[PDB]
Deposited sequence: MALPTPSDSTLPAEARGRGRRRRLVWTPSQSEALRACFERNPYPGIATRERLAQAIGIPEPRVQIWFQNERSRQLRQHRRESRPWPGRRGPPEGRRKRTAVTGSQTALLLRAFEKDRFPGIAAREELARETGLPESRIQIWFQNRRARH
């Protein structure tokens, strides 16, 4: 069970490509500003820039420093809750992550990263 896939409007597509053309490695500030200007949540914008670099790099292989997101602070209380969840299921779907986001107060996009990191190291 994954998040429902959105569909770019023509005006959104134009804005993402034009910003990608100026810098394919935007920082959190550029992603946030672009996300608000076009009405899309920032994680979807980040996912698009990653997919779009994948398209461009694979295409160029057949032809040819902006600031990061601030480190999310995770309390021991939040960590213990995600830990207990991680033991029952290491691959929570969108609904289980929204649950964990609700119970922890952390954004769901950070829960997704937390599980990606945890599975690679534990």
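Stretches of the deposited sequence absent from the structure, as judged by C-alpha coordinates, are 1-18, 83-91.
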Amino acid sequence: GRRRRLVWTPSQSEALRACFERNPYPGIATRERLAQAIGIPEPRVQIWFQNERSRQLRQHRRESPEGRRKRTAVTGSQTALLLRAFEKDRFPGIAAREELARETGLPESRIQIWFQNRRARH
From here on, numbers count along this sequence of modelled residues.
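Once the C-alpha B-factors are averaged per stretch, 102-110 and 19-27 rank with 102-110 first.
Set 51-59 against 38-46 and average the Cα temperature factors; 51-59 ends up higher.
Per the deposited record, the Cα B-factor of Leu81 falls in the highest third when ranked against the other modelled residues of its chain. For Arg68, the recorded CA B-factor ranks within the middle third of the chain. Only modelled residues enter the ranking. Compared with the other modelled residues of the chain, the Cα B-factor recorded for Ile94 ranks in the middle third.
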